[PDB]
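K.L.:
Here's a structure for you.
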Amino acid sequence: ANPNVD
Amino acid sequence: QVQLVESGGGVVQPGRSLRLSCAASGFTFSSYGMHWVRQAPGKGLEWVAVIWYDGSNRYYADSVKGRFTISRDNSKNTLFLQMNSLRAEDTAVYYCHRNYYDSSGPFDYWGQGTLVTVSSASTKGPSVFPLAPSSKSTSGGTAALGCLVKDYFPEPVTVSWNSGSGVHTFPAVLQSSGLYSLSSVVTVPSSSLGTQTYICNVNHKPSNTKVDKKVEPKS
Amino acid sequence: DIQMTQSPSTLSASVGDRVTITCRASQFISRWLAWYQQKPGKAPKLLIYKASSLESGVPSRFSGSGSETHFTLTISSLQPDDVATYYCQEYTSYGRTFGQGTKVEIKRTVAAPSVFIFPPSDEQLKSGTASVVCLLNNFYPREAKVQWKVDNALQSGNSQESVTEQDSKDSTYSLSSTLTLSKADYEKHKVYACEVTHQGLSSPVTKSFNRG
């Protein structure tokens, strides 16, 4: 969900 | 290694537009985003804007959304920030910045920063004078010597010794003349005074000034 | 717009103290909270991410905690090289929001200044101006009184001071005072002195030189 993670 | 190199700083008159650029190397901008972050004189970090690798998801801080435009040119590996209607509040060091997290770990990169000064005052390069070591600047077997970097505008200057030892660079002070002065001081062995030549290298990019100055002992 | 509020704004403590900074988020951010360290004249450096994970090479005395809206950063044993400004930062989405920053400062034992003095250069004198520099080295606390005396005439209004950041190894300061006269005033007089008073000094120290 977080666009900066994975 | 990933490297981000910002360009475009200096003095700029209020009301004008300015475009900063950040040349990136060591990666292809094909994932995550890139950011601009700024920091006004002795104030805190302020995130300014982001753009995604595909040019989408452009967002801005509220204070600047009405006047700034972020963009990227992948074929040049370059990030831009265009600032319009420049005003006093925009005086700041601007950083380009990349940050993400994946299974290999965190990845966090910053440029060196470029200082934008919004002002009508004219650019002026520094005079550089020696602070000579002597009896009066010695204790133990160590002597202090330095360079006085006087009367310049805008900030910054950079000082290095013998082209890059207890170096103390004293923060620039705004004088009543409207111009900045700073000093850089180093500690050296007394035994070296009269044998080794000590040279400060001063660079003032806004004026394209680069000066080398021998600092010689006085009696 | 998410607001990030850190507290306290400034934090002065002693080496070896456990110190904690709080960060509060005006919305739920899960654990997408990072902590940055910034020293003067440097770019920030990431220390902690996902609220409690340390960057490699970050000393074990640093730790972070929290979730959702309340977060903390702890230094379990404050060390001289920890003096810096610390920022929390949310990264729930495309942009970022930094807290206002916490400046961490160190209180230590009194250290008296060493006092040096520098005459004007001949190159500056050729320009009609004479700057005289007095240097106080590696002292604590930051408060110092510097007085310029020219032929024992106490000076006022014509000097400026600059103080370094706190030193990363021994938490002291240095300060420069620059006295600027015209060439005509400078060559009018014989004795240039800066007199310094500071907690570390039992009696005031005066460094002096005679012009030529």
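All of this is worked out from the model, or read from it or from the source named; no laboratory read-out is quoted. Positions of Cβ are backbone-derived with ideal geometry, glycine not excepted, and every protein chain shown enters the neighbour counts.
K.L.:
Specify the residue that is nearest to the other protein chains (Cβ to nearest Cβ); the eligible residues are those in the range C:95-123 that are surrounded by fewer than 19 Cβ atoms within 10 Å (Cβ to Cβ) and in a loop (DSSP other than H, G, I, E, B).
P.N.:
Across the range C:95-123, the extreme among qualifying residues is C:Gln100.
K.L.:
May I ask you to say which residue of B:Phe129, B:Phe80, B:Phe107 is more than 14 Å from every other protein chain (Cβ to nearest Cβ) and outside any loop (DSSP other than H, G, I, E, B)?
P.N.:
Answer to the check: B:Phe80.
K.L.:
Is there any pair linking a residue in the range C:143-164 that is within 14 Å of chain B (Cβ to nearest Cβ) and part of a strand (DSSP E or B) to one that is β-branched (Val, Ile, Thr) and surrounded by 15 or more Cβ atoms within 10 Å (Cβ to Cβ), with Cβ under 6 Å and at least six apart or on different chains, and which?
P.N.:
Between residues of the range C:143-164 that are within 14 Å of chain B (Cβ to nearest Cβ) and part of a strand (DSSP E or B) and residues that are β-branched (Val, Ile, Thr) and surrounded by 15 or more Cβ atoms within 10 Å (Cβ to Cβ), the close pairs are C:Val146/C:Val196; C:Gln160/B:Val173; C:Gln160/C:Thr178; C:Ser162/B:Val173.
K.L.:
Failed condition for B:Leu81, given (1) under 17 Å from B:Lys43 (Cβ atoms); (2) buried (at least 20 other Cβ atoms within 10 Å of the Cβ), with all others met?
P.N.:
So B:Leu81 meets the others, but not (1).
This table checks each residue for (1) surrounded by fewer than 20 Cβ atoms within 10 Å (Cβ to Cβ); (2) in contact with a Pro (Cβ under 7 Å, 6 or more places away or on another chain).
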site	(1), (2)
B:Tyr95	no, no
B:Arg98	no, no
B:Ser104	yes, no
B:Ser127	no, no
B:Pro130	no, no
B:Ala144	no, yes
B:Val173	yes, no
B:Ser177	yes, no
B:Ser190	yes, no
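K.L.:
Take B:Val2 and tell me if it is surrounded by fewer than 13 Cβ atoms within 10 Å (Cβ to Cβ) and under 18 Å from B:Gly111 (Cβ atoms). If you could, list the steps in order and put the result at the bottom.
P.N.:
Values: surrounded by fewer than 13 Cβ atoms within 10 Å (Cβ to Cβ): yes; under 18 Å from B:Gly111 (Cβ atoms): yes.
Spelling it out, B:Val2 is indeed surrounded by fewer than 13 Cβ atoms within 10 Å (Cβ to Cβ) and under 18 Å from B:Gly111 (Cβ atoms).
K.L.:
Out of the residues in the range B:130-173 that are among the hydrophobic types (A, V, I, L, M, F, W, C) and in contact with a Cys (Cβ under 7 Å, 6 or more places away or on another chain), which is farthest from B:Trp36 (Cα to Cα)? Full working, then the answer.
P.N.:
Our first condition is that a residue be among the hydrophobic types (A, V, I, L, M, F, W, C); within the range B:130-173, this holds for B:131-132, B:143-145, B:147-149, B:153, B:157, B:159, B:161, B:167, B:170, B:172-173.
Going one step further and asking which of them are in contact with a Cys (Cβ under 7 Å, 6 or more places away or on another chain), we end up with B:131, B:147, B:159, B:161.
Working: B:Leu131: 39, B:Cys147: 34, B:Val159: 27, B:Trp161: 32 Å.
Among those residues, the one meeting the criterion is B:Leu131.
K.L.:
Another question, then. Quick one: is C:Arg31 assigned by CATH to the domain that holds C:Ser93, in a loop (DSSP other than H, G, I, E, B) and farther than 26 Å from B:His168 by Cα?
P.N.:
Numbers: assigned by CATH to the domain that holds C:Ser93: yes; in a loop (DSSP other than H, G, I, E, B): yes; farther than 26 Å from B:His168 by Cα: yes.
Spelling it out, C:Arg31 is indeed assigned by CATH to the domain that holds C:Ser93, in a loop (DSSP other than H, G, I, E, B) and farther than 26 Å from B:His168 by Cα.
K.L.:
Still on this structure: Looking at the structure I just gave you, is C:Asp17 more than 13 Å from every other protein chain (Cβ to nearest Cβ) and part of a loop (DSSP other than H, G, I, E, B)?
P.N.:
It is true that C:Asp17 is more than 13 Å from every other protein chain (Cβ to nearest Cβ) and part of a loop (DSSP other than H, G, I, E, B).
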